[PDB]
Amino acid sequence: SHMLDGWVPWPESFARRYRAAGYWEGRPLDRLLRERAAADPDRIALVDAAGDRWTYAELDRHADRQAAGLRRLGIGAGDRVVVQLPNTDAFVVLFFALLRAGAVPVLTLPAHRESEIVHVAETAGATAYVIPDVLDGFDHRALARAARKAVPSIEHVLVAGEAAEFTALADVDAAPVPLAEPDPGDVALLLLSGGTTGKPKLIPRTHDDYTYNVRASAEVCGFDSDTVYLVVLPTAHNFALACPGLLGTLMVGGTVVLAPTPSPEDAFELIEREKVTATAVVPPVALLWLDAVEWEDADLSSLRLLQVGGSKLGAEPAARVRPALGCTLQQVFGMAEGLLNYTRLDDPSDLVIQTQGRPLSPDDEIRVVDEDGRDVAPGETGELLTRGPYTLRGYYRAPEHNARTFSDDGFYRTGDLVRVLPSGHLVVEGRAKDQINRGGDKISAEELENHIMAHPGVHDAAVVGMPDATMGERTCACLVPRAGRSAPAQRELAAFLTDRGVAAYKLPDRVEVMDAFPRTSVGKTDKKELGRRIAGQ
Ligand SMILES: Nc1ncnc2c1ncn2[C@@H]1O[C@@H](COP(=O)(O)OC(=O)c2ccccc2O)[C@@H](O)[C@H]1O
Ligand SMILES: [Mg+2]
């Protein structure tokens, strides 16, 4: 018996192995903060961009007071709560307060707009939605009004700022009350997957498997109480939350520093001010920092570890990390769905430069298969399938996609093309899945294509990735015009999609109009040949 339905537990034989192995320790996720605050109450746990500062005892107490405040509002025991917050202390407090209240955080990104928020809110049956007031020029309270209109289950809107007619997040506060602990085998939080279908899919992560993800990652990356970690990616990104991210830093007793943006302006200042020792970035930001040290004066010497992942970092800039930034590079090839691959900190530089790591867990199982599902020969390229103690067995409330995406014996089809080296390290070679990787931001083609086809001048749309030297891929929208109507150009389509509620990183970089798409012999749109036509071949 589980608190939520709609997810796929591990078979009992696997659960037993993972507990017997010490991977699944049987502790709720919020207990990482409870135990650290008990052992190191007066250590500095959290620093925000302004310079404000909180000890472990202070953070633990505020999480209890906000958890009691959430319960007074009726948020708790299994309720799903959509969280959309910037890199501020409000996110860290509320994350633990929701866990202690028994609520299941549904983590979204600040860039997400009405179509993503409404979909995840109604899929999760969320009862509350947590937003900033105004963030980067956008008023999220209008979005909460639109979300509540489309999703009647949303009873409460909690606002980090001026709350308007809603509830101020700072007012969610009451005297701590004894709260029951969740079952560690239950879902702890729901992550948003980059997606390969028409709708974003939610990833359930349990207390046991997410704690192991965090704990094992902190060991591999050498996180301990000396670690000062700069959160450069959104706090809701799996990389910055758990790999080892801020949760790993808190679990071991280090200091979390919240960066408002990844710009050298904000990040380099915080690295010098707080003596940051570790951070994680996507490759486009790595390239920016590697350039920017040539004209920025910040003292970055305290930096010891730069994690780079989300897309493949080139071997040439990888080799520049030590001379330019004075720290160790760690390549990270991971996914919200589970499997994490890390280069080890003392790997020879050859493997740090040329590979995307080897799996985190001894019980991470990998297969590399050809187009027929058969295992490839050693060192051949094929699609990565994986199964392990923190990889999901199914998405949340997505039975049809689960039937397509997981093998009969529980292997998750990643859609990534890789080859495995004799040492066990992986090299990422490409992608099979119909999803564009734009600077670490994942764009489901079919989701974007369906939005574009809602435009009155568009009959059919095919979204195709184009190579980009610094961004990895950019997005080309190939359009068949509506009969007797003109298709829109790039700027009009961007405005249409933005008004529709599509996140800005999904807006096509380029529009190409054509009378028909090339098709295969089954009749599916041939995007390999669309790429050729886009390039004038
Ligand atoms: N170093 C890399 N080199 C080439 N490709 C990479 C890659 N790292 C990710 N990818 C692609 O991203 C994934 C889905 O993305 P994600 O779910 O958003 O999570 C993350 O990126 C993420 C990244 C690091 C740590 C924790 C995470 O969670 C994969 O499937 C693959 O396509
Ligand atoms: Mg250094």
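Basis: the model, the stated rules and, where named, an outside source; nothing here is a laboratory result. Here the Cβ positions follow ideal geometry from the backbone for every residue, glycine too, while neighbour counts run over all protein chains shown.
If you go through the range 386-401 and keep only what is within 12 Å of ligand 1 (Cβ to nearest atom) and farther than 15 Å from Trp7 by Cβ, you end up with just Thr386. Counting the residues of the range 402-415 that are within 16 Å of ligand 1 (Cβ to nearest atom) and touching a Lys or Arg at 6+ places or on another chain (Cβ under 6 Å) gives 3. Considering (1) part of a helix (DSSP H, G or I); (2) surrounded by 14 or more Cβ atoms within 10 Å (Cβ to Cβ), the lone condition that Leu479 does not fulfil carries the number (1). Within the range 1-48, track down each residue that is aliphatic (A, V, I, L, M), outside any helix (DSSP H, G or I) and more than 25 Å from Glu400 (Cβ to Cβ). Hits for the range 1-48 are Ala21, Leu29, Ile44, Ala45, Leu46, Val47. Of all residues in the range 443-465, those that are free of Cβ contacts under 8 Å to residues at least 60 places away in the same chain have Cβ atoms under 7 Å from Cβ atoms of residues that are aliphatic (A, V, I, L, M) and assigned to a helix (DSSP H, G or I), 6 or more apart or on another chain, in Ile452/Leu493; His455/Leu493; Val458/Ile452; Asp460/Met453; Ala461/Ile452; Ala461/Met453; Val463/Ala445; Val463/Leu448. From the list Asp372, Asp363, exactly one residue is in contact (Cβ under 8 Å) with a residue 60 or more places away in the chain and assigned to a loop (DSSP other than H, G, I, E, B). Which is it? Exactly one of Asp372, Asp363 is in contact (Cβ under 8 Å) with a residue 60 or more places away in the chain and assigned to a loop (DSSP other than H, G, I, E, B), namely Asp363.
Note on the range 255-360: enclosed helices (runs of 4 or more DSSP H) holding 2 or more residues that are buried (at least 20 other Cβ atoms within 10 Å of the Cβ) and within 16 Å of ligand 2 (Cβ to nearest atom) are 264-274, 283-292.
Of all the residues in the range 49-67, those that are hydrophobic (A, V, I, L, M, F, W, C), in a helix (DSSP H, G or I) and more than 13 Å from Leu250 (Cα to Cα) number 2. With the requirement that a residue be touching a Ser or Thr at 6+ places or on another chain (Cβ under 8 Å) and of a type in the set (A, V, I, L, M, F, W, C), what does the range 70-94 give you? Correct list: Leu73, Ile75, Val81, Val82, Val83, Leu85, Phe91, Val92. Here is a list: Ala121, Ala144. Which entry is of a type outside the set (S, T, N, Q) and more than 19 Å from the chain's Cα centre (by Cα)? Criteria check complete, one pass: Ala144. Can you find a residue that is closer than 30 Å to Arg485 by Cβ, surrounded by fewer than 22 Cβ atoms within 10 Å (Cβ to Cβ) and hydrophobic (A, V, I, L, M, F, W, C) anywhere in the range 433-450? No, the conditions are met nowhere in the range 433-450.
Each row is one residue, and each column tells you yes or no for (1) touching a helix residue (DSSP H, G or I) at 6+ places or on another chain (Cβ under 9 Å); (2) more than 15 Å from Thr525 (Cβ to Cβ); (3) of a type outside the set (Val, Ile, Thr); (4) outside any loop (DSSP other than H, G, I, E, B).
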position	(1), (2), (3), (4)
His451	yes, yes, yes, yes
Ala461	yes, no, yes, yes
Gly465	yes, no, yes, yes
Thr470	yes, yes, no, no
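Of the strands (runs of 3 or more DSSP E) lying entirely inside the range 135-219, those carrying at least 1 residues that are more than 15 Å from ligand 1 (Cβ to nearest atom), crowded, with 16+ Cβ neighbours inside 10 Å and of a type outside the set (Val, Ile, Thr) are 156-160, 187-192.
When the test is whether a residue is surrounded by 20 or more Cβ atoms within 10 Å (Cβ to Cβ), outside any helix (DSSP H, G or I) and touching a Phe, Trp or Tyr at 6+ places or on another chain (Cβ under 9 Å), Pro110 does not pass it.
When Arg397, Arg438, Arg413 are checked against the criterion of being basic (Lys, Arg), out of contact with any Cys (no Cβ under 7 Å at 6 or more places or on another chain) and closer than 17 Å to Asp364 by Cβ, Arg413 stands alone in meeting it.
With respect to the conditions (1) in the same structural domain as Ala21 (by CATH); (2) in contact with a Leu (Cβ under 6 Å, 6 or more places away or on another chain); (3) crowded, with 20+ Cβ neighbours inside 10 Å, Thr381 falls short on a single one, namely (3).
Taken together, the criteria place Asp42 among residues that are without any contact (Cβ under 8 Å) to a residue 40 or more places away in the chain, of a type in the set (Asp, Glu) and more than 20 Å from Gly245 (Cα to Cα).
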